[PDB]
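Each value in this text was obtained by applying a stated rule to the coordinates, not by laboratory testing. Note: ideal-geometry Cβ built from the backbone for every residue, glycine included; neighbour counts use all protein chains shown.
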Amino acid sequence: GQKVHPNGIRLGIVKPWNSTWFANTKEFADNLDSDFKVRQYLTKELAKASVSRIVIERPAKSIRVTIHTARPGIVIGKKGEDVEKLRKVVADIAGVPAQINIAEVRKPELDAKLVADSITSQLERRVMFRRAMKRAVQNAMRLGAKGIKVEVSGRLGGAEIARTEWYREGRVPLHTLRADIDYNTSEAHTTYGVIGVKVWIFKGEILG
Amino acid sequence: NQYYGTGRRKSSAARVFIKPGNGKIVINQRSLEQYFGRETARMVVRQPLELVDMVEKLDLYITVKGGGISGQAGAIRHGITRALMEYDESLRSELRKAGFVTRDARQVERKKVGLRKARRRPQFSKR
Amino acid sequence: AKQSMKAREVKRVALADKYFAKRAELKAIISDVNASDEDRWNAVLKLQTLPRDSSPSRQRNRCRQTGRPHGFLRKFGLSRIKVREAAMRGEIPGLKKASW
Amino acid sequence: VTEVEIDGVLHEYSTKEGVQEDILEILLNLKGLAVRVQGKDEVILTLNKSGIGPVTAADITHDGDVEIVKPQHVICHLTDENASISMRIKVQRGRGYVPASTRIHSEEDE
Amino acid sequence: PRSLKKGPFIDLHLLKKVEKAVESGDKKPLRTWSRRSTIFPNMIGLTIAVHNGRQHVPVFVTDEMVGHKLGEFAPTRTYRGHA
Amino acid sequence: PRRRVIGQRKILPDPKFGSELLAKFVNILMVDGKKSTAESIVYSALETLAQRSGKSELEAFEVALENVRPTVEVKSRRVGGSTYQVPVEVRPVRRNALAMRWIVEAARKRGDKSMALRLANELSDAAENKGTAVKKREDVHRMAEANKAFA
Amino acid sequence: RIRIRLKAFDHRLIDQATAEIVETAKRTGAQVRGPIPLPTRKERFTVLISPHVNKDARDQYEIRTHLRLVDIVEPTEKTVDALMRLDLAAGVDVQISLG
RNA sequence: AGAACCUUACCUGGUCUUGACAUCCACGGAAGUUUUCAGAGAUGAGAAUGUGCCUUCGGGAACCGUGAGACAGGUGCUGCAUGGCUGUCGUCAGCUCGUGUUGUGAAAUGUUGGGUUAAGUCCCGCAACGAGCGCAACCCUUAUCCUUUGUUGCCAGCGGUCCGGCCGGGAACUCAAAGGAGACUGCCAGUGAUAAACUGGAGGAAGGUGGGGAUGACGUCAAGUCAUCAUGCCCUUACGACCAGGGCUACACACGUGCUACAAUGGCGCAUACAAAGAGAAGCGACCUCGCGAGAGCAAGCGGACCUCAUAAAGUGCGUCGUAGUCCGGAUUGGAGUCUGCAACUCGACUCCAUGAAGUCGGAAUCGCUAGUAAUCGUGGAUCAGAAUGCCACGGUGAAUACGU
């Protein structure tokens, strides 16, 4: 289990946190649990909507969710009909006043998580994994990624002996802390088993 | 008029003040002989003064916190040296030669997961 | 862990919540040196009568996601494994890898 | 005033429950507002009010460093006592005239 | 051992049974699982078949057994020898 | 080591006499990083020794050391089938150390009661040219002599 | 006097908050004491990173809780109330205490 | 990162079967609240209260009850079907690719060669020219300085004193964070191929990657984990669920890792000095009183630079013991008890009084460590009702040695 998590190593420097609140040792665990719940719910709901990052932020006994999604239109539905619906359920989950914001993700080919999800979907609907991977890589490159890597693993083409294959393009420096490396993962629950998809997308280096 | 130098060594932090006088040393409102029971400590605090003949010339008020005894002594010495540097500024070379201007940056190495200590690895066996 | 175990834990917790006032009182009575012997005895017997799951020393801290009894942390309410994952994802606020 | 956020709204050409001015009238009366912040350069106010009667500018739940210098600036005319309105205004600071068309793609913060 | 202030321990049900036996004046063995129960003066004379995990083993109580518990006279493990 | 020779670390002279050698000796004596006790012991040894032989504290010690320093030690090359012990001229820094170590060992061995006393006795023996350290030195020399053919 | 205890995980954020608070104070009232930095709590955690077994395999995390002590010497009419509407940025637990 | 119960997955009995855990209807009842006897308990039988959000009244959503099935459930098997996560060679300096060229081709070249470096590090050459992942740097920490801000932290100079920074105060110093500066072979000399570098010295707190951490290339071991989790045959009145008791703590024996010893560089007694880093609300618990003591009682201060844990110990001084199986050593066992806990029999920790094994430095062999390291001394934390000699942290004292390959 060689490698360090690329997001996790960079949280202090170039990457920010998702859950962004303060709490004392008393209420912290509970808060975490709540976050887990709400996030889980959101994932369940907005599966068909291309959702990248849920950012929870709770000040003053009131939860502020921020959903980063590629297509707001399907998450919002009719203007303030679906979002509103989501909100009350979120509140219920939390046990506090809820507030949902929806950030529009520019360039969903450069968002790593989204790409991973897409790949997983493709796998599920029985495409050639390799071709999917290629598409993922190519598209990102076209869009202006300084580099991208993707990796898929296990029961590829329903083969008895599992293996991993991966496509890199451009440069993807992981040891370099100041590199904006959007990393994320997904899992294709195929007929032969799970197929795990990792993808690293290098936006560029930050100078500060 | 009183001159000053900060002392630091291990986790000790001495506050040495130099004044002109007869040569009486006070460390936390106690004499040098009272505070440092150890001879070595005493020697180390007197070293810089010995090196530059100003033992009888100047009194020094000290307060030190943190660390043990030897470390504390070292810190005090450092402080004294600093004070001297501040005060004369022509004794620097001698001090350098001695090796007192140098802050001894040796801190205790942290314990590391896996190991029992900073470097002691646990007992190995092939079988 | 199993579902069943989790359920049991929940039940225990519920019991604890229920019977706290009484149990505590009983304990106090038992302790109180300035009290009758017979009364003390009664208290001791009374305690026995109450359900076992009512005790707080019965309930085990499990992970809030997986129910894993071991490797638990109190601040997060999660087992080590899950905690790490959370940290990696950015889901625990303030938590990052520490070096010194 | 730069961005106005009313709850239970779809677009600015709709209408709302319990009010007089329509939403374009509310946006015009908010465009006439006169605010004076001191410390920050971008603040978010809050206006919450229910009950029959006009909604002055003096009903905004002010923070410490914002000063609303027109306590008779009318915005809404709430007629139903079961009606409510909860808008969240955003006040930037600049110069000149920057309009909605140019600020339709200029805005970077998604 | 248990604190002196807390008193001796005996299971309530067991105690009740003992009392009943005393009242009767019968000497039929009382099968019991309370190995943790202390023996009492009134229990002297009674046979009380204590569980050892597997089976109930008869224990005729004596004057010497009083301070002790019932589980002391009902060994659980069954080791004969290694050869 | 393979890569790089390194400069020997700085050693402070002892507070009583102002000597590097003495300090080194004290360090050698020391156990469990209890320097102070060891130094006290050393001092005690010196004082008794001084009383015994006259002279000074330091001078006497030096003299004692001199009688246990080895001119030549041996090392195992073993190039052949069987091992050949080869003599080598032991350098100034090392020789001094070795003698001290031997003395310490002797002291440790010795059947007298207090450590300091034992040390003093050892020193005296060294001065006179009898005892354990001296014997060891002789043995070392003897071995070298035996294997003088190798050079 | 109003003592104010700012607590947060992000240091920059905390700093920002503190400045804001000072600003709020200084316009209305007079003689703000100052933003005094107290010691940071570095609550560390070790965990085994393997799913099953490998004990020397470990990750050592920490949460750096920063403290900022801001004090206000003269509470006026205008000043104290100003904080009511003036909420601070999220992820910064404030704790005002008069006297 | 903590088995008395619980945990628990195992055994023995006692029990349940759409079920402990969910969703779905049907229709019986508001949920729930209190209490009673039998039972080891699980469970199996009683007495009191309530009818809230809405009805062209065939009724509803929360929460119990019963029956049907659809299903639940499985710490059951396969890590040789998998994902994820982990170890490992190894923080070893390597592993590749594109285009070109060489070869019928597998392939080669680059990546070799002269030097150099911790480094496929850098230069020079050269059928290679370029690129990527890694060897470096960016990140944390530690060593010096400066600016800012000074309470709960500090006391240099001032006045007062209960001689306590405690109180006027002061913002110096320590310290506390936040932001900057600083180290780059940059400067000097020599060696070197007109080089990359190396050797020394100057300054400097720091010198050649300053010390330490994080960071683990392509891959290897069908390495580990289906019992964290997820996931592609088997059980479903039982390989599921509830309960009480027992077991996981057994004991001819063998091995691993530790602690404590065998003593005088020490043991014991009395006095006495100098830390760091942490934790704390079902929590840490001063002072005072009682107890030989573990503790008990009373009970402030404190979500904490404030109060509490909390006396650091080794050390230092004075006394004693005088090489003994001892005033070394503490196992073992008896008595009596303290606390936690429904509950300390199996099987907790700690205390007191007694008891006082083996052991006098350990065979063959075998491990760690290059500096604030080893060695030794205490201190804290996590899990945790209670239960560490383990683990993870912190400072104290503080060595030896490196000729060389």
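Is the shape of segment A:97-208 best called rounded, prolate or oblate, per the rule: a/c under 1.5 gives rounded, else a/b larger than b/c gives prolate, else oblate, with a ≥ b ≥ c the square roots of the Cα gyration tensor eigenvalues?
Working: a/c = 2.05, a/b = 1.38, b/c = 1.48.
Since a/c reaches 1.5 but b/c is at least a/b, the shape of segment A:97-208 is classed as oblate.
Helix F:35-53 versus the longest principal axis of chain F: what angle, 0 to 90°, nearest 10, using Cα atoms?
In chain F, helix F:35-53 runs at an angle near 80 degrees to the longest axis.
What residue among F:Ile28, F:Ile103, F:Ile41 has the largest mean-square fluctuation in a Gaussian network model of chain F, using Cα springs under 10 Å?
F:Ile28
Given the -39500 (n - 2.57) contribution per DSSP H run of 4+ residues, what per-residue ellipticity at 222 nm results for the protein assembly as shown, rounded to the nearest 500 deg cm²/dmol? Don't skip to the answer; put the middle values down first.
Working: 24 runs with 296 residues, N = 878.
Result for the protein assembly as shown, helices only: -10500 deg cm²/dmol.
Using modelled amide H (1.01 Å from N, peptide plane; none on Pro or chain starts), what sits under 5 Å from the amide H of E:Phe60, excluding residues fewer than 5 places away?
Close amide H contacts, sequence-distant or interchain: E:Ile48.
Suppose each label sits 7 Å from its Cα in the direction of the beta carbon; what would the C:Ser57-G:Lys55 distance come out to in nanometres?
2.8
Amide H neighbours of F:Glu73 under 5 Å, counting only residues 5+ apart in sequence or on other chains, H built in-plane at 1.01 Å?
Excluding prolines and chain starts, which carry no amide H, the hits are F:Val88, F:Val90.
Across peptide D:53-64, how many C-beta atoms of other chains are within 10 Å of each residue C-beta, on average? Walk me through the intermediate numbers first.
Values: counts 0, 0, 0, 0, 0, 0, 0, 1, 2, 5, 8, 17.
Counting other chains' Cβ atoms within 10 Å and averaging over D:53-64 gives 3.
First select every other residue whose beta carbon is under 10 angstrom from the beta carbon of E:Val50; then total the charges, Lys and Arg +1, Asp and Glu -1. Intermediate values should be presented prior to the final figure.
Working: positive: E:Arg31, E:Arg35, E:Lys69; negative: E:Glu72.
Net of charged neighbours comes to +2.
For A:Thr190, enumerate residues with amide H under 5 Å from its amide H, sequence gap 5+ or separate chain, H modeled in the peptide plane.
Those qualifying (amide H under 5 Å, at least 5 residues apart or on another chain) are A:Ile195.
Which order, highest average first, do B:73-79, C:91-97 follow once you tally other Cβ atoms within 10 Å for each residue and take the mean per peptide? Could you put the intermediate results ahead of the total?
Values: B:73-79: 27.3, C:91-97: 23.0.
Result, highest mean first: B:73-79, C:91-97.
Inside 10 Å of the C-beta atoms of D:6-13, what's the mean count of C-beta atoms belonging to other chains? Don't skip to the end; give the middle numbers.
Numbers: counts 1, 4, 4, 2, 5, 2, 0, 0.
If you average over the peptide's residues, the count of other-chain Cβ atoms is 2.
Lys and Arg at +1, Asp and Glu at -1: add these up for the other residues within a Cβ distance under 11 Å of A:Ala179 and post the number. If you can, show how the numbers build up before the last one.
On the way: positive: A:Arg10, A:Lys15, A:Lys146, A:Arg171, A:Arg178, A:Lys203; negative: A:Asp180, A:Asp182, A:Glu205.
It works out to a net charge of +3.
Could you order peptides B:40-50, F:79-89 by the average number of other Cβ atoms within 10 Å of their residues, highest first?
Details: B:40-50: 20.4, F:79-89: 11.4.
Going by the mean number of other Cβ atoms within 10 Å, highest first, we get B:40-50, F:79-89.
Hey, if you put +1 on the Cβ of every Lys and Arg and -1 on every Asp and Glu Cβ in chain F, which of F:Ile103, F:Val134, F:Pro1 ends up farthest toward the positive end of that dipole?
Of F:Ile103, F:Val134, F:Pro1, it is F:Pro1.
Mind checking the alpha-carbon convex hull of segment B:26-127 and giving the volume per residue in Å³? Don't jump to the answer; show the numbers that get you there.
Numbers: hull volume 15.0 nm³, N = 102.
With only Cα atoms used, segment B:26-127 gives 147 Å³ per residue.
Within a 10 angstrom radius of each residue's Cβ in C:77-85, how many Cβ atoms of other chains show up on average? Whole number is fine. All intermediate terms of the calculation are to be shown ahead of the outcome.
On the way: counts 7, 5, 1, 9, 6, 3, 5, 9, 2.
Per-residue shielding by partner chains comes out at 5.
³J(HN,Hα) across segment D:5-16 via Karplus (A = 6.51, B = -1.76, C = 1.60, θ = phi - 60°), whole Hz, x for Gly/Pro?
10, 9, 7, x, 10, 10, 9, 7, 9, 7, 9, 10
Only bridges with both residues in the protein assembly as shown count here: give the DSSP antiparallel percent, nearest 5. Each step should come with its number before you reach the end.
Details: 105 of 118 bridges.
About 90 percent, rounded to the nearest 5.
If packing is taken as the average count of other Cβ atoms within 10 Å, what order do F:7-20, A:26-39, A:70-83 fall into, highest mean first?
Values: F:7-20: 12.4, A:26-39: 18.1, A:70-83: 16.1.
The most tightly packed comes first, giving A:26-39, A:70-83, F:7-20.
Along each principal axis of its Cα atoms, how long is segment F:20-147 end to end? Whole angstroms, biggest number first, please.
If we take the Cα atoms of segment F:20-147, the spans are 51, 32, 29 Å.
Which residue fluctuates the most in chain G, going by a Gaussian network model with Cα springs under 10 Å, if the choices are G:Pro39, G:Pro51, G:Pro75?
Per the Cα network of chain G with a 10 Å cutoff, G:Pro51 tops the list.
Taking Rh as the Kirkwood radius, which is the inverse of the mean 1/r over Cα pairs, what is the Rg/Rh value for the protein assembly as shown?
Numbers: Rg = 40.9 Å, Rh = 37.6 Å.
Expressed as Rg/Rh, it is 1.09.
Net charge within 12 Å of F:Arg108 by Cβ-Cβ distance, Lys/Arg positive one each and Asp/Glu negative one each, not counting F:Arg108 itself?
Working: positive: F:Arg101, F:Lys109, F:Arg110, F:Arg118; negative: F:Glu105, F:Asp112, F:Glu122.
So the environment of F:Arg108 carries a net charge of +1.
With chain B treated as a Gaussian network of Cα nodes joined by springs under 10 Å, which of B:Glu39, B:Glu56, B:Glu109 yields the largest mean-square fluctuation?
Result for chain B, Cα springs under 10 Å: B:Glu109 fluctuates most.
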